[PDB]
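Student: What follows is a structure written as structure tokens; I'll ask about it next.
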Amino acid sequence: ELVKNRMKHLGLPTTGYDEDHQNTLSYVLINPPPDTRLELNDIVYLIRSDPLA
Amino acid sequence: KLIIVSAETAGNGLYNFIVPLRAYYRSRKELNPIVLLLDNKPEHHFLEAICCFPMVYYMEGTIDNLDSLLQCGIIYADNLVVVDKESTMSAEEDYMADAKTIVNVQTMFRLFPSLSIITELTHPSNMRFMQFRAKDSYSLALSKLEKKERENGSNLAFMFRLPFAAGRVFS
Amino acid sequence: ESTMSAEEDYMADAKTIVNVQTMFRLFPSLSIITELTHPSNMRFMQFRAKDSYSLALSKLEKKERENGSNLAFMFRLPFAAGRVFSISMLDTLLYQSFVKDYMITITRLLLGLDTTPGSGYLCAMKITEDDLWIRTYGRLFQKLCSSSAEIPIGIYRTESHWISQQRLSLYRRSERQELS
Amino acid sequence: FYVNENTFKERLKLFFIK
Amino acid sequence: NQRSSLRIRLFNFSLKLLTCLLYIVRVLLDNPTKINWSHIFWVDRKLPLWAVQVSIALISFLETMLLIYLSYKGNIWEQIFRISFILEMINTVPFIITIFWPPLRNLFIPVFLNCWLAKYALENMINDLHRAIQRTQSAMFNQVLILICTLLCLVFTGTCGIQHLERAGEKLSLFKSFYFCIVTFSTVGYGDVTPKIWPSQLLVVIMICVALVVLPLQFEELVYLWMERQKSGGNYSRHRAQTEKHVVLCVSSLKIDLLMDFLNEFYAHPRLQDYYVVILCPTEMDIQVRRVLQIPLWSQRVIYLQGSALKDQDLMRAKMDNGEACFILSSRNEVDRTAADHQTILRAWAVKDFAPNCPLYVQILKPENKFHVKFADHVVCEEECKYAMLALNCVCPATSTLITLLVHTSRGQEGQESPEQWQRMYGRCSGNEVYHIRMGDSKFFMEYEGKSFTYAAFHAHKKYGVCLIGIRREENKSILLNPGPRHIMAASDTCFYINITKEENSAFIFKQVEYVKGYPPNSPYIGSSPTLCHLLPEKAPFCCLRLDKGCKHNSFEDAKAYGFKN
Amino acid sequence: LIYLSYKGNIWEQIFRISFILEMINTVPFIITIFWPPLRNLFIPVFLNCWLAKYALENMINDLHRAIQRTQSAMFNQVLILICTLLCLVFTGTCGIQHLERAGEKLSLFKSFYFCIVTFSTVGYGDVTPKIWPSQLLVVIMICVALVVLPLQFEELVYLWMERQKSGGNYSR
């Protein structure tokens, strides 16, 4: 309610305020073995090739 | 989704933020907008450099003022980027060097749990104050291991501290 | 806030004392609610050339502190009237809160900060010449409780304890006449 | 003060210590 | 290594003491103008006492050989010319010579210098414990242990040395040399025991020069470490903490103004008198506060320990996890307000991370910082309460005084000796204090269950003289200050009342423009209490708030021109 | 006194120095009541000197309930520093006088001469110890003297010299 009241003061829509709550442990595995299973929403780091060459 | 950055002055370091973000190898539709929230007004040495890059803006105020943030559009913003402010760098104790950056992030942590944050600290000793709750489940458990690691002769003791592994903190 | 930080206790609240002392002489009818950082600066608050109760009240509170009293400054006259108040006076609140969990919540309900739906508030009924009909505090408890469902905590008493003509007029003019 | 002050212990405690 | 290294230090340390121990044995066992140098060189040692020292010498000789191979970094002259190696080769190599040569078993070897090699083992052993880096209290005691060894090993070398040379003439025992040595180092000089031989004279000349340089520096460094542990150090032990009660006080800098108000308040209660009050504070012991802690009462009770609440080592000194309370207090009269409050938030988080089960009592100055320590059990904002008193002092006459006297715990024995009428009754009524007891349990409020709250309040004050304030229900956690006639009492309703003494203690009484009501939209801080405040229908402009300059709305320069009623 | 200030741990109170010096002195006198031949047996009652000092420190600090007394704090603290010097000498005199009975029998005054000479680091050797126990006592007494006494004098001089600059009272 503190934000939504202040949004109307500034003159902004409070439609997508919630879009919400977080409780997730997180970490980074650098160069694992090939047998390691990949879970859902596991963001992998990628060294891309050159776009031009 | 928007990116938003916080700093004391718009120095030549913040040019070096925007260069690797705005790159030819990055996709055009992927291009995240940038908003540099600043305490002091920026000079023309910065403005002429940043000018050429696309959809990058600046705004006055602080992280402390909730009015300043909501104008910048932190609700649908992907990443807040709090940076060590040059005035508060110099301090006698380790706690008072980064007290205000910790407390202002702690309000943002409660107000906007969806909002991902990228906080800075001068010392890694202030890691324990970053994200705070009344749970204390992994707070004591992770502290036990890193203290035992430092006794064994480990380089990376702070590694197991949870905020660091997630990438939310960096020094 | 600028004058809060100081090395000595005197220079922390010097200017607030001296500026109140002018207001005390200029406007004696004007009631004041002064603040002090330390209660050590109580003795400088209201000042006169009488010194009747100044030494007498100082004798008792020094003897109280030897006996092992919490409230020594109590008997100092400015405090009892409510003219003075300090931050260190309700620092005791937090230390009392160990034995009594409720103590903070009940204090704020009296002050009117954390007001729940079913709550009260502090009021002030002055006993005028009409109210002298009731003589005792016990009989005052009856009328307030029975009629309007009010409960009293305590009471606040106030006991009694051109050339020729122009030149000579300014010379005989007293200090109170100058200030007016 | 019946519970605190008026006891066999605290009579002696007031006499010796307090 | 940590574990594998330390055992080898203790192994060498024990062997080097064993050689010196075997030297004490042979002196006591083996006993017998010109100087007889025979008694210096030739020494009739026993074969078993010899053989054990040779086996120890071979082990310690090989340890120095092996250690060179490990830490050889170019220069061998760097390792050989050191003192630890020279003292090894003076002692151990002659024992190896006695294996090959059969007549040299009786020849003297100064094995007593292994005392200093044992000290070099202890310094090497002790500093293996500083891989954890931070151990401030353990650093002081273990450093003192080495300073004691230097004093003993200097005496041991002196005793043995002088006892050996005096064999030539005026034959002293081991104890007479110890008497002689400690007298000469102390600069007393009795001359009861003396040296009268050419070598022994020269040794005592050297021993005095070594003593007068080293020993005074050893004692003054010993006293420095000993006296620093008094101010800085102090550990609340496990044996004390587990059995006894225990409370902590986190604070930036203590004073008499702060401490005496706390100690008198805390120990005023009967059930709290057995507790122990530990302090945590970064600054050192003040001159004023040291007199208060020296008093018999607070000498046993209070334990001042230096160190801030943020570092986890200083929390292990106090041992908060065991204790039943952790008071945190903001530094008033500091150069910056916001920095002081930000520190108490970090202290609160430092305490909660280490010890979650402790009930966190906290004091903060500014109201905006309340939200960050709202997780804590009990919070007292100074700014919120301060300005609330002054607001009530406008409506009511002296609420500032009213609240101060309730919270300060005292009893009715203040100003009774004074001659004035008001002053006796004022100090008696100052003893009043808020309490809480259930209906059914309370002897005050027995026959008042069916009747209302208001009815009970009169009859309580009429009979006993104990007025009620409010009630807490079983279901509702909230306190309700003065219900009217609607609230009927129950069996288990917590009655809050004001009395000089608590019921359970007090047996002596029994025997003897329009406005619109609404919540203000813009709260300037996060954790704020919403209330109905007679709001304006229209939201006023910023110009109309100022008096000095009359804007285009109501042009009034001074406050008298407005025409304020009341 | 144990019944009054018992707060969980009795090991906290028994292992203190004030209690140990009590049990060394007073308990043997209680044993002589039950046992009739032990009246002639020696009890080192002289250590009550330090128990009297512990009483004085406990007595003096009852006057700091008024908190502020700056001039009285300096004189009464000096009085304790004088007691430590006297009680260290008294324990030395009595101790050395007792052991020297075995051989070379000194009087009470000769031991006082002997003690104050040994603490001062003069070492005349006019009076000396020549017995196995007495030798070991003097070795201990010098170690206690050379650590304590210089710290006592320099703290005594600190409090004495501070009263010159800071102190000074215009009398009645």
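Along the chain as shown, residues are numbered 1 onward.
Header lists the method as electron microscopy, 3.8 Å.
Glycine is treated like the rest: Cβ placed from N, Cα and C.
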Student: Match it up for me: which of E:174-194, E:258-278, E:342-362 does Swiss-Prot list as intramembrane segment?
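Tutor: Checked against Swiss-Prot: intramembrane segment maps to E:174-194.
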Student: Indicate yes or no: per Swiss-Prot, are E:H130 and E:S173 on the same side of the membrane.
Tutor: no
Student: Which range wins on Cβ pairs under 8 Å with the transmembrane segment (E:7-29): E:47-69, E:79-100, E:111-123, E:144-166, E:199-220?
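Tutor: Between the candidates E:47-69, E:79-100, E:111-123, E:144-166, E:199-220, the best contact partner of the transmembrane segment (E:7-29) is E:111-123.
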Student: Report, as numbers and ranges, every residue of the chain located at least six residues beyond the transmembrane segment (E:144-166) whose Cβ falls under 8 Å of a Cβ in that stretch; write 'none' if there are none.
Tutor: 20, 23, 27, 40, 108, 112-113, 115-116, 118-119, 122-123, 126, 172-174, 176-178, 180-182, 184-185, 195, 197, 199-200, 203-204, 207, 210-211, 214-215, 218-219, 221-222, 225-226
Student: Taking only the Cα atoms, work out how far E:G189 (K(+) 1 binding site) lies from E:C543 (Zn(2+) binding site), in Å, as a whole number.
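Tutor: Roughly 93 Å, rounded to the nearest whole number.
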Student: Among the binding-site residues E:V188, E:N554, E:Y562, E:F564, whose Cα is within 10 A of the Cα of E:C544 (Zn(2+) binding site)?
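Tutor: Within 10 Å Cα-Cα: E:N554.
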Student: Taking the Cβ of E:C543 (Zn(2+) binding site) as centre, how many other Cβ atoms lie within 10 Å?
Tutor: 12
Student: Tell me whether E:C544 (Zn(2+) binding site) sits in a helix, a strand or coil according to DSSP.
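Tutor: It is helical.
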Student: Starting from each candidate's C-beta and looking 10 angstroms out, tell me which of the binding-site residues E:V188, E:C544 has the most other C-beta atoms.
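Tutor: Of E:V188, E:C544, the one with the most crowded Cβ is E:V188.
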Student: Whole-number answer please: how many Å between the C-alpha atoms of E:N554 (K(+) 3 binding site) and E:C543 (Zn(2+) binding site)?
Tutor: 10
Student: Let me spell it out: take the transmembrane segment (E:111-123), skip the flanking residues so only those 6+ beyond its ends count, and list any with a Cβ under 8 Å from a Cβ in it.
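Tutor: For the transmembrane segment (E:111-123), the list is 9, 12-13, 16-17, 19-20, 22-23, 53, 60, 84, 87-88, 90-91, 95, 145-146, 149-150, 152-153, 156-157, 160-161.
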Student: For E:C543 (Zn(2+) binding site), which of the listed binding-site residues (E:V188, E:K549, E:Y562, E:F564) have their CA atom within 10 A of its CA?
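Tutor: Close binding-site residues: E:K549.
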